[PDB]
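Trainee: Handing you this structure, nothing more for now.
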Amino acid sequence: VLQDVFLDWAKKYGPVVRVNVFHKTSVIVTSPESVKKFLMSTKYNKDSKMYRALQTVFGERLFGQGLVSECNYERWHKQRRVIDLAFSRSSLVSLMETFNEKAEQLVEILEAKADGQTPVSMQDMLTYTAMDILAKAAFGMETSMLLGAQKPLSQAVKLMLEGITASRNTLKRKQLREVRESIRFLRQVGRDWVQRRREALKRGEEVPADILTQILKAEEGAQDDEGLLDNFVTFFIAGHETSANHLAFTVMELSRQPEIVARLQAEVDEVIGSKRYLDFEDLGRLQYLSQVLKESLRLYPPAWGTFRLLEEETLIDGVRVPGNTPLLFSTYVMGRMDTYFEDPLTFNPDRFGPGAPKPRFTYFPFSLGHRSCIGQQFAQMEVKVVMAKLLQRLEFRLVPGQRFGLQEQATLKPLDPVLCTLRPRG
Ligand code: HEM
Ligand SMILES: COCCCC/C(=N\OCCN)c1ccc(C(F)(F)F)cc1
């Protein structure tokens, strides 16, 4: 992938290197001290130019000015102020139900295929699980992709994601219209779930706190609904894709880590035993699993980095960088430099063991500072629940011909689906 070229240039030409990314010039900055300086201060904001591709795709508005793609500070802070309420500790705890139900359903489906002969794309299975979780937790709606439903919506998402791949890269005639079809499809599903929400509150019906309630609340006194559909599509996608890929990477890696798996099984037996559903307080004690996930994100971060606009010419690590320059920061790159991580190609979860110094601005799969992931705790919870349940009940072997490796898409994800054969534990 393109991130592997940047790593080579980082290693070779040091901490400040001009590059071309999405066919625009920027400076990739790879010192911890630089990361800290620019990420940990609100003085630095995202670069409209770099995110302008995510805002609109092929003349069809995708994330628009939603929580990811909005770069002006004050406009972003206004939404983030209110959307933040849907991610409080009590908000989160109440989602353990959605996470558990979906996790259980996933494990059950796979148990039905656990003959040890039936190939299953774990990438697909984990995408359906993540979307099912997101759709319900965020919007109070059931997609049931895990049981074959909403196969059109699943297809819209797929095409739209290739869309972003070609929009900001790729330098036939039908494939470009299907992407536009897909983007408008997602916006219309948005309208319906927004409408089906308004109708239920027009019947004065009781509806618990949501991401949906919060996005609506942020869009009050808006002449259009566009700022609301922006945030619908942003969360619909951001709230499932990176989690899906993170899961896929982890199961991929694990299929060739028998010792790690054993310890994982060993751990999950002690904390939950055979209990069907996990309580909020259970996740905290899945400490080794926590470590595996953290290491998974170090080698395989779905969201490989972020951009900040450097407005005034500044001196960065002894290099003069000119004003109006986009800064690229890459957790993928830093995670693979032996300057910051001994023997960096080795998947070693002990790196995050208790007592190890926490990596110091050399590792940020959820980014850092104010533009960090609003969904961090959300995804860390959901990912422990799925992984806990998989480890509890099933074993996965990777089908011969399945490659370990990456593709760059809208996010980093396994090049291959994660085709596996499955057995019951024991
Ligand atoms: C393991 C999965 C996850 C990863 C690795 C992750 C990663 C990221 C990172 C690196 C940023 C990009 C910041 C940038 O562009 O500079 C981000 C943004 C964000 N993520 Fe995620 N994330 C994941 C899951 C989620 C989920 C579950 C949600 C939604 C429920 C979410 C929604 C968002 C939002 C809306 C933002 C923008 C926050 C803001 O600018 O105010 N994340 N996350
Ligand atoms: C369709 O892509 C989903 C949202 C953008 C992916 C992303 N991070 O967001 C994760 C939300 N949970 C992202 C990936 C790469 C870049 C970069 F600018 F580095 F290319 C920026 C954002």
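Residues in the structure tokens are named by chain (A, B, ... in the order shown) and by number from 1 within that chain; ligands are numbered from 1 in the order shown.
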Within 12 Å of residue 132 in chain A, counting only C-alpha atoms, which residues show up once you throw out same-chain ones fewer than 4 positions away? Write them as a ChimeraX atom specification, please.
Mentor: /A:98-103,105-106,125-128,136-150,153-154,236-237,239-241,243-244,382
Trainee: Could you pull out the residues in range 120-362 of chain A that DSSP calls strand (DSSP E) from the backbone, as a VMD selection string?
Mentor: chain A and resid 120 to 121 305 to 310 314 to 316 319 to 321 325 to 330
Trainee: Could you dump the residues just selected with N, CA and C atoms as a compact mmCIF listing (two decimals), in the first residue's frame?
Mentor:
# COMPACT_ATOMS: atom_id res chain seq x y z
N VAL A 120 -16.05 -19.30 5.18
CA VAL A 120 -16.82 -18.11 5.55
C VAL A 120 -15.93 -16.87 5.48
N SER A 121 -16.38 -15.85 4.76
CA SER A 121 -15.66 -14.59 4.71
C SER A 121 -15.88 -13.83 6.02
N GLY A 305 -4.21 7.71 9.38
CA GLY A 305 -3.73 9.00 9.82
C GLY A 305 -4.72 10.13 9.79
N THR A 306 -4.21 11.36 9.82
CA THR A 306 -5.03 12.57 9.76
C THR A 306 -4.21 13.75 9.20
N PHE A 307 -4.89 14.83 8.83
CA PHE A 307 -4.25 16.03 8.29
C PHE A 307 -4.51 17.25 9.16
N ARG A 308 -3.51 18.11 9.30
CA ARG A 308 -3.69 19.43 9.91
C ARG A 308 -3.11 20.52 8.99
N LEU A 309 -3.85 21.62 8.83
CA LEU A 309 -3.36 22.76 8.04
C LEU A 309 -2.35 23.53 8.87
N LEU A 310 -1.13 23.64 8.35
CA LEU A 310 -0.15 24.54 8.94
C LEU A 310 -0.35 25.87 8.21
N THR A 314 6.45 27.39 9.65
CA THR A 314 6.98 27.02 10.96
C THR A 314 8.21 26.15 10.77
N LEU A 315 9.02 26.04 11.82
CA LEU A 315 10.17 25.16 11.80
C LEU A 315 9.77 23.85 12.49
N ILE A 316 9.75 22.77 11.72
CA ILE A 316 9.40 21.46 12.26
C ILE A 316 10.62 20.57 12.18
N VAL A 319 13.42 21.63 10.02
CA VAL A 319 13.03 21.90 8.64
C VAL A 319 12.00 23.03 8.58
N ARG A 320 12.27 24.02 7.74
CA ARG A 320 11.34 25.09 7.49
C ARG A 320 10.25 24.52 6.60
N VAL A 321 9.00 24.62 7.07
CA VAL A 321 7.85 24.18 6.29
C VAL A 321 7.01 25.42 5.99
N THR A 325 0.38 24.71 4.28
CA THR A 325 0.83 23.35 3.97
C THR A 325 0.07 22.33 4.82
N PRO A 326 -0.53 21.33 4.17
CA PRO A 326 -1.16 20.20 4.87
C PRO A 326 -0.14 19.26 5.51
N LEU A 327 -0.29 19.03 6.82
CA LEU A 327 0.55 18.07 7.52
C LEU A 327 -0.12 16.72 7.62
N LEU A 328 0.60 15.69 7.21
CA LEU A 328 0.11 14.32 7.29
C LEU A 328 0.73 13.72 8.54
N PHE A 329 -0.09 13.03 9.33
CA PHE A 329 0.37 12.31 10.53
C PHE A 329 -0.12 10.87 10.36
N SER A 330 0.74 9.91 10.63
CA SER A 330 0.45 8.52 10.28
C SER A 330 0.78 7.59 11.41
Trainee: Would you give me, as JSON lines, each residue of chain A having an atom within 10 Å of an atom of ligand 2, along with its shortest atom pair and that distance in Å to one decimal, using only C-alpha atoms and all ligand atoms and sorting by chain and residue number?
Mentor:
{"residue": "A:3", "atom": "CA", "partner": "ligand 2", "partner_atom_place_in_ligand_line": "19 (F)", "distance": 9.7}
{"residue": "A:21", "atom": "CA", "partner": "ligand 2", "partner_atom_place_in_ligand_line": "20 (F)", "distance": 8.2}
{"residue": "A:22", "atom": "CA", "partner": "ligand 2", "partner_atom_place_in_ligand_line": "20 (F)", "distance": 8.1}
{"residue": "A:46", "atom": "CA", "partner": "ligand 2", "partner_atom_place_in_ligand_line": "18 (F)", "distance": 9.2}
{"residue": "A:47", "atom": "CA", "partner": "ligand 2", "partner_atom_place_in_ligand_line": "18 (F)", "distance": 9.2}
{"residue": "A:50", "atom": "CA", "partner": "ligand 2", "partner_atom_place_in_ligand_line": "18 (F)", "distance": 6.6}
{"residue": "A:51", "atom": "CA", "partner": "ligand 2", "partner_atom_place_in_ligand_line": "18 (F)", "distance": 6.7}
{"residue": "A:53", "atom": "CA", "partner": "ligand 2", "partner_atom_place_in_ligand_line": "18 (F)", "distance": 9.6}
{"residue": "A:54", "atom": "CA", "partner": "ligand 2", "partner_atom_place_in_ligand_line": "1 (C)", "distance": 7.3}
{"residue": "A:62", "atom": "CA", "partner": "ligand 2", "partner_atom_place_in_ligand_line": "1 (C)", "distance": 9.0}
{"residue": "A:63", "atom": "CA", "partner": "ligand 2", "partner_atom_place_in_ligand_line": "4 (C)", "distance": 8.5}
{"residue": "A:67", "atom": "CA", "partner": "ligand 2", "partner_atom_place_in_ligand_line": "11 (C)", "distance": 9.5}
{"residue": "A:68", "atom": "CA", "partner": "ligand 2", "partner_atom_place_in_ligand_line": "9 (O)", "distance": 6.8}
{"residue": "A:69", "atom": "CA", "partner": "ligand 2", "partner_atom_place_in_ligand_line": "22 (C)", "distance": 8.4}
{"residue": "A:157", "atom": "CA", "partner": "ligand 2", "partner_atom_place_in_ligand_line": "1 (C)", "distance": 9.1}
{"residue": "A:160", "atom": "CA", "partner": "ligand 2", "partner_atom_place_in_ligand_line": "1 (C)", "distance": 8.2}
{"residue": "A:161", "atom": "CA", "partner": "ligand 2", "partner_atom_place_in_ligand_line": "1 (C)", "distance": 6.0}
{"residue": "A:162", "atom": "CA", "partner": "ligand 2", "partner_atom_place_in_ligand_line": "1 (C)", "distance": 9.3}
{"residue": "A:163", "atom": "CA", "partner": "ligand 2", "partner_atom_place_in_ligand_line": "1 (C)", "distance": 9.3}
{"residue": "A:164", "atom": "CA", "partner": "ligand 2", "partner_atom_place_in_ligand_line": "1 (C)", "distance": 6.8}
{"residue": "A:165", "atom": "CA", "partner": "ligand 2", "partner_atom_place_in_ligand_line": "1 (C)", "distance": 9.0}
{"residue": "A:168", "atom": "CA", "partner": "ligand 2", "partner_atom_place_in_ligand_line": "20 (F)", "distance": 9.3}
{"residue": "A:233", "atom": "CA", "partner": "ligand 2", "partner_atom_place_in_ligand_line": "1 (C)", "distance": 9.4}
{"residue": "A:234", "atom": "CA", "partner": "ligand 2", "partner_atom_place_in_ligand_line": "4 (C)", "distance": 7.0}
{"residue": "A:235", "atom": "CA", "partner": "ligand 2", "partner_atom_place_in_ligand_line": "12 (N)", "distance": 7.8}
{"residue": "A:236", "atom": "CA", "partner": "ligand 2", "partner_atom_place_in_ligand_line": "3 (C)", "distance": 9.3}
{"residue": "A:237", "atom": "CA", "partner": "ligand 2", "partner_atom_place_in_ligand_line": "3 (C)", "distance": 5.8}
{"residue": "A:238", "atom": "CA", "partner": "ligand 2", "partner_atom_place_in_ligand_line": "11 (C)", "distance": 3.8}
{"residue": "A:239", "atom": "CA", "partner": "ligand 2", "partner_atom_place_in_ligand_line": "12 (N)", "distance": 5.4}
{"residue": "A:240", "atom": "CA", "partner": "ligand 2", "partner_atom_place_in_ligand_line": "12 (N)", "distance": 7.2}
{"residue": "A:241", "atom": "CA", "partner": "ligand 2", "partner_atom_place_in_ligand_line": "3 (C)", "distance": 6.6}
{"residue": "A:242", "atom": "CA", "partner": "ligand 2", "partner_atom_place_in_ligand_line": "12 (N)", "distance": 5.4}
{"residue": "A:243", "atom": "CA", "partner": "ligand 2", "partner_atom_place_in_ligand_line": "12 (N)", "distance": 7.3}
{"residue": "A:301", "atom": "CA", "partner": "ligand 2", "partner_atom_place_in_ligand_line": "14 (C)", "distance": 9.4}
{"residue": "A:302", "atom": "CA", "partner": "ligand 2", "partner_atom_place_in_ligand_line": "14 (C)", "distance": 7.1}
{"residue": "A:303", "atom": "CA", "partner": "ligand 2", "partner_atom_place_in_ligand_line": "14 (C)", "distance": 4.2}
{"residue": "A:304", "atom": "CA", "partner": "ligand 2", "partner_atom_place_in_ligand_line": "19 (F)", "distance": 5.6}
{"residue": "A:305", "atom": "CA", "partner": "ligand 2", "partner_atom_place_in_ligand_line": "19 (F)", "distance": 4.0}
{"residue": "A:306", "atom": "CA", "partner": "ligand 2", "partner_atom_place_in_ligand_line": "19 (F)", "distance": 4.2}
{"residue": "A:307", "atom": "CA", "partner": "ligand 2", "partner_atom_place_in_ligand_line": "18 (F)", "distance": 5.8}
{"residue": "A:308", "atom": "CA", "partner": "ligand 2", "partner_atom_place_in_ligand_line": "18 (F)", "distance": 9.5}
{"residue": "A:328", "atom": "CA", "partner": "ligand 2", "partner_atom_place_in_ligand_line": "19 (F)", "distance": 7.2}
{"residue": "A:329", "atom": "CA", "partner": "ligand 2", "partner_atom_place_in_ligand_line": "19 (F)", "distance": 7.6}
{"residue": "A:330", "atom": "CA", "partner": "ligand 2", "partner_atom_place_in_ligand_line": "19 (F)", "distance": 7.3}
{"residue": "A:331", "atom": "CA", "partner": "ligand 2", "partner_atom_place_in_ligand_line": "19 (F)", "distance": 9.5}
{"residue": "A:332", "atom": "CA", "partner": "ligand 2", "partner_atom_place_in_ligand_line": "19 (F)", "distance": 10.0}
{"residue": "A:365", "atom": "CA", "partner": "ligand 2", "partner_atom_place_in_ligand_line": "10 (C)", "distance": 9.4}
{"residue": "A:366", "atom": "CA", "partner": "ligand 2", "partner_atom_place_in_ligand_line": "10 (C)", "distance": 7.8}
{"residue": "A:367", "atom": "CA", "partner": "ligand 2", "partner_atom_place_in_ligand_line": "8 (N)", "distance": 9.0}
{"residue": "A:372", "atom": "CA", "partner": "ligand 2", "partner_atom_place_in_ligand_line": "9 (O)", "distance": 9.5}
{"residue": "A:373", "atom": "CA", "partner": "ligand 2", "partner_atom_place_in_ligand_line": "12 (N)", "distance": 6.5}
{"residue": "A:374", "atom": "CA", "partner": "ligand 2", "partner_atom_place_in_ligand_line": "12 (N)", "distance": 8.1}
{"residue": "A:375", "atom": "CA", "partner": "ligand 2", "partner_atom_place_in_ligand_line": "12 (N)", "distance": 6.7}
{"residue": "A:376", "atom": "CA", "partner": "ligand 2", "partner_atom_place_in_ligand_line": "12 (N)", "distance": 8.2}
{"residue": "A:379", "atom": "CA", "partner": "ligand 2", "partner_atom_place_in_ligand_line": "12 (N)", "distance": 8.6}
{"residue": "A:408", "atom": "CA", "partner": "ligand 2", "partner_atom_place_in_ligand_line": "15 (C)", "distance": 9.3}
{"residue": "A:409", "atom": "CA", "partner": "ligand 2", "partner_atom_place_in_ligand_line": "2 (O)", "distance": 8.5}
{"residue": "A:410", "atom": "CA", "partner": "ligand 2", "partner_atom_place_in_ligand_line": "2 (O)", "distance": 4.8}
{"residue": "A:411", "atom": "CA", "partner": "ligand 2", "partner_atom_place_in_ligand_line": "14 (C)", "distance": 5.2}
{"residue": "A:412", "atom": "CA", "partner": "ligand 2", "partner_atom_place_in_ligand_line": "14 (C)", "distance": 8.0}
Trainee: Assign secondary structure with DSSP using the backbone only, and return the residues of range 154-320 of chain A in helix (DSSP H, G or I) as a ChimeraX atom specification.
Mentor: /A:154-167,175-202,211-218,226-238,241-254,258-271,280-283,287-299
Trainee: Using C-alpha atoms, can you export the residues from the last selection as an mmCIF file, in the first residue's frame?
Mentor:
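Once written, out_18.cif looks like this:
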data_model
loop_
_atom_site.group_PDB
_atom_site.id
_atom_site.type_symbol
_atom_site.label_atom_id
_atom_site.label_comp_id
_atom_site.auth_asym_id
_atom_site.auth_seq_id
_atom_site.Cartn_x
_atom_site.Cartn_y
_atom_site.Cartn_z
ATOM 1 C CA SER A 154 -25.174 -3.525 2.042
ATOM 2 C CA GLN A 155 -24.482 -3.124 -1.691
ATOM 3 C CA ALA A 156 -24.820 0.678 -1.640
ATOM 4 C CA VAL A 157 -22.180 0.881 1.120
ATOM 5 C CA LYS A 158 -19.847 -1.459 -0.787
ATOM 6 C CA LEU A 159 -20.030 0.552 -4.033
ATOM 7 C CA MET A 160 -19.809 3.916 -2.326
ATOM 8 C CA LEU A 161 -16.603 2.781 -0.596
ATOM 9 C CA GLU A 162 -14.971 1.864 -3.940
ATOM 10 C CA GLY A 163 -16.263 5.291 -4.979
ATOM 11 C CA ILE A 164 -14.082 7.039 -2.406
ATOM 12 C CA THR A 165 -11.170 4.823 -3.547
ATOM 13 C CA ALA A 166 -11.516 6.158 -7.129
ATOM 14 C CA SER A 167 -12.569 9.689 -6.153
ATOM 15 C CA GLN A 175 -19.507 1.992 -12.405
ATOM 16 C CA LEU A 176 -19.413 5.763 -11.866
ATOM 17 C CA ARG A 177 -23.221 6.071 -11.946
ATOM 18 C CA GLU A 178 -23.738 3.172 -9.533
ATOM 19 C CA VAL A 179 -21.594 5.048 -7.005
ATOM 20 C CA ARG A 180 -23.847 8.080 -7.447
ATOM 21 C CA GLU A 181 -26.854 5.729 -7.140
ATOM 22 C CA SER A 182 -25.369 4.304 -3.929
ATOM 23 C CA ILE A 183 -24.695 7.721 -2.364
ATOM 24 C CA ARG A 184 -28.286 8.867 -2.987
ATOM 25 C CA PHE A 185 -29.558 5.479 -1.784
ATOM 26 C CA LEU A 186 -27.795 6.036 1.581
ATOM 27 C CA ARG A 187 -29.207 9.558 1.796
ATOM 28 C CA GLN A 188 -32.728 8.241 1.194
ATOM 29 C CA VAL A 189 -32.402 5.468 3.792
ATOM 30 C CA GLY A 190 -31.313 8.373 5.988
ATOM 31 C CA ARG A 191 -34.482 10.325 5.159
ATOM 32 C CA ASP A 192 -36.710 7.341 5.941
ATOM 33 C CA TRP A 193 -35.062 6.556 9.303
ATOM 34 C CA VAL A 194 -35.242 10.264 10.128
ATOM 35 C CA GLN A 195 -38.904 10.315 9.085
ATOM 36 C CA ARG A 196 -39.732 7.044 10.864
ATOM 37 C CA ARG A 197 -38.159 8.771 13.870
ATOM 38 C CA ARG A 198 -40.167 12.000 13.555
ATOM 39 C CA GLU A 199 -43.420 10.055 13.058
ATOM 40 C CA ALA A 200 -42.882 8.035 16.246
ATOM 41 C CA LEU A 201 -42.199 11.234 18.224
ATOM 42 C CA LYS A 202 -45.250 12.804 16.520
ATOM 43 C CA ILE A 211 -26.822 9.451 18.343
ATOM 44 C CA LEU A 212 -29.874 10.203 16.193
ATOM 45 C CA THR A 213 -31.503 12.342 18.895
ATOM 46 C CA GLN A 214 -28.229 14.233 19.249
ATOM 47 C CA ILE A 215 -27.662 14.838 15.535
ATOM 48 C CA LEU A 216 -31.243 16.139 15.159
ATOM 49 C CA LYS A 217 -30.723 18.381 18.205
ATOM 50 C CA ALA A 218 -27.609 19.856 16.566
ATOM 51 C CA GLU A 226 -28.925 18.443 4.460
ATOM 52 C CA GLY A 227 -26.846 19.032 7.606
ATOM 53 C CA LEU A 228 -28.823 16.220 9.181
ATOM 54 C CA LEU A 229 -28.339 13.761 6.311
ATOM 55 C CA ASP A 230 -24.625 14.617 6.289
ATOM 56 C CA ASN A 231 -24.294 13.419 9.865
ATOM 57 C CA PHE A 232 -26.551 10.406 9.241
ATOM 58 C CA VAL A 233 -24.208 9.121 6.485
ATOM 59 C CA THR A 234 -21.069 10.036 8.488
ATOM 60 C CA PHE A 235 -22.128 7.941 11.492
ATOM 61 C CA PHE A 236 -23.734 5.211 9.446
ATOM 62 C CA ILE A 237 -20.330 4.545 7.871
ATOM 63 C CA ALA A 238 -17.721 5.776 10.397
ATOM 64 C CA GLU A 241 -16.442 0.350 8.743
ATOM 65 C CA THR A 242 -13.358 1.018 10.907
ATOM 66 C CA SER A 243 -14.768 -1.353 13.565
ATOM 67 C CA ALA A 244 -15.439 -3.999 10.909
ATOM 68 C CA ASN A 245 -11.913 -3.704 9.482
ATOM 69 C CA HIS A 246 -10.328 -3.641 12.961
ATOM 70 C CA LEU A 247 -12.205 -6.891 13.720
ATOM 71 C CA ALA A 248 -11.204 -8.484 10.376
ATOM 72 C CA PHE A 249 -7.543 -7.593 10.913
ATOM 73 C CA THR A 250 -7.604 -9.103 14.398
ATOM 74 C CA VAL A 251 -9.122 -12.433 13.342
ATOM 75 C CA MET A 252 -6.846 -12.563 10.311
ATOM 76 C CA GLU A 253 -3.749 -12.075 12.499
ATOM 77 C CA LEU A 254 -4.968 -14.528 15.149
ATOM 78 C CA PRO A 258 -1.900 -20.224 18.211
ATOM 79 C CA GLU A 259 -0.074 -19.269 21.443
ATOM 80 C CA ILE A 260 -1.866 -15.897 21.564
ATOM 81 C CA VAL A 261 -5.230 -17.568 20.920
ATOM 82 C CA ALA A 262 -4.616 -20.044 23.760
ATOM 83 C CA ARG A 263 -3.908 -17.250 26.212
ATOM 84 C CA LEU A 264 -6.980 -15.433 24.900
ATOM 85 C CA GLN A 265 -9.173 -18.535 25.397
ATOM 86 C CA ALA A 266 -7.542 -19.057 28.775
ATOM 87 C CA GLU A 267 -8.408 -15.468 29.749
ATOM 88 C CA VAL A 268 -12.015 -15.444 28.531
ATOM 89 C CA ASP A 269 -12.841 -18.701 30.368
ATOM 90 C CA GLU A 270 -11.867 -17.064 33.702
ATOM 91 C CA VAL A 271 -13.714 -13.742 33.304
ATOM 92 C CA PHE A 280 -20.272 -3.725 31.246
ATOM 93 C CA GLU A 281 -17.854 -4.401 34.152
ATOM 94 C CA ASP A 282 -16.660 -7.607 32.458
ATOM 95 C CA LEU A 283 -14.900 -5.797 29.583
ATOM 96 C CA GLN A 287 -6.972 -7.199 29.832
ATOM 97 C CA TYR A 288 -5.008 -9.509 27.562
ATOM 98 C CA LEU A 289 -7.665 -9.227 24.853
ATOM 99 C CA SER A 290 -7.331 -5.467 25.274
ATOM 100 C CA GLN A 291 -3.622 -5.853 24.555
ATOM 101 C CA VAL A 292 -4.186 -7.943 21.434
ATOM 102 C CA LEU A 293 -6.553 -5.326 20.038
ATOM 103 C CA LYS A 294 -4.166 -2.497 20.779
ATOM 104 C CA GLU A 295 -1.388 -4.340 18.984
ATOM 105 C CA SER A 296 -3.772 -5.164 16.125
ATOM 106 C CA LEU A 297 -4.385 -1.402 15.781
ATOM 107 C CA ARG A 298 -0.643 -0.681 15.844
ATOM 108 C CA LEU A 299 0.144 -2.930 12.860
#
Trainee: Taking into account only C-alpha atoms, which residue in the set A:384, A:129, A:32, A:41 is nearest to residue 108 in chain A?
Mentor: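 Of the candidates, the smallest distance to residue 108 in chain A is held by A:129.
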Trainee: Would you mind listing what lies within 10 Å of residue 93 in chain A as a PyMOL selection string, with only C-alpha atoms counted and same-chain residues fewer than 3 positions away left out?
Mentor: chain A and resi 87-90+96-97+279-281+378+381
Trainee: Write the selection just made, keeping C-alpha atoms, as a JSON list (two decimals), in the first residue's frame?
Mentor:
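As a result, out.json now contains:
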[["chain", "number", "residue", "atom", "x", "y", "z"],
["A", 87, "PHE", "CA", -21.33, 9.05, 24.15],
["A", 88, "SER", "CA", -21.48, 9.56, 27.90],
["A", 89, "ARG", "CA", -20.77, 6.69, 30.28],
["A", 90, "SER", "CA", -24.49, 6.08, 30.91],
["A", 96, "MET", "CA", -24.26, -3.41, 26.04],
["A", 97, "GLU", "CA", -27.60, -4.94, 25.06],
["A", 279, "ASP", "CA", -21.84, -7.16, 31.66],
["A", 280, "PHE", "CA", -20.27, -3.73, 31.25],
["A", 281, "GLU", "CA", -17.85, -4.40, 34.15],
["A", 378, "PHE", "CA", -17.95, 2.80, 21.76],
["A", 381, "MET", "CA", -16.64, -1.91, 23.94]]
Trainee: Give me the residues within 12 Å of residue 425 in chain A as a PyMOL selection string, counting only C-alpha atoms and dropping any in the same chain fewer than 4 places off.
Mentor: chain A and resi 107+111+114+116+261-262+265-266+269+274+389-396
Trainee: Pick from A:285, A:413, A:371, A:78: nearest to residue 40 in chain A, with only C-alpha atoms counted?
Mentor: A:371
Trainee: I need the residue nearest ligand 1 from this list: A:353, A:273, A:369, A:15. Use only C-alpha atoms and all ligand atoms for the distance.
Mentor: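 Among the listed residues, A:369 lies closest to ligand 1.
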Trainee: Considering only C-alpha atoms, can you say which of A:151, A:36, A:18, A:12 comes closest to residue 361 in chain A?
Mentor: A:36
Trainee: Could you check how far CA of residue 85 in chain A sits from CA of residue 359 in chain A, in Å to one decimal?
Mentor: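 A separation of 29.1 Å between them.
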Trainee: Please determine, counting only C-alpha atoms and all ligand atoms, which residue among A:29, A:272, A:171, A:39 has the shortest atom-to-atom distance to ligand 1.
Mentor: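 Among the listed residues, A:39 lies closest to ligand 1.
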Trainee: Between A:81, A:24, A:172, A:11, which is the closest to ligand 1 once you count only C-alpha atoms and all ligand atoms?
Mentor: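 Residue with the minimum atom-to-atom distance to ligand 1: A:81.
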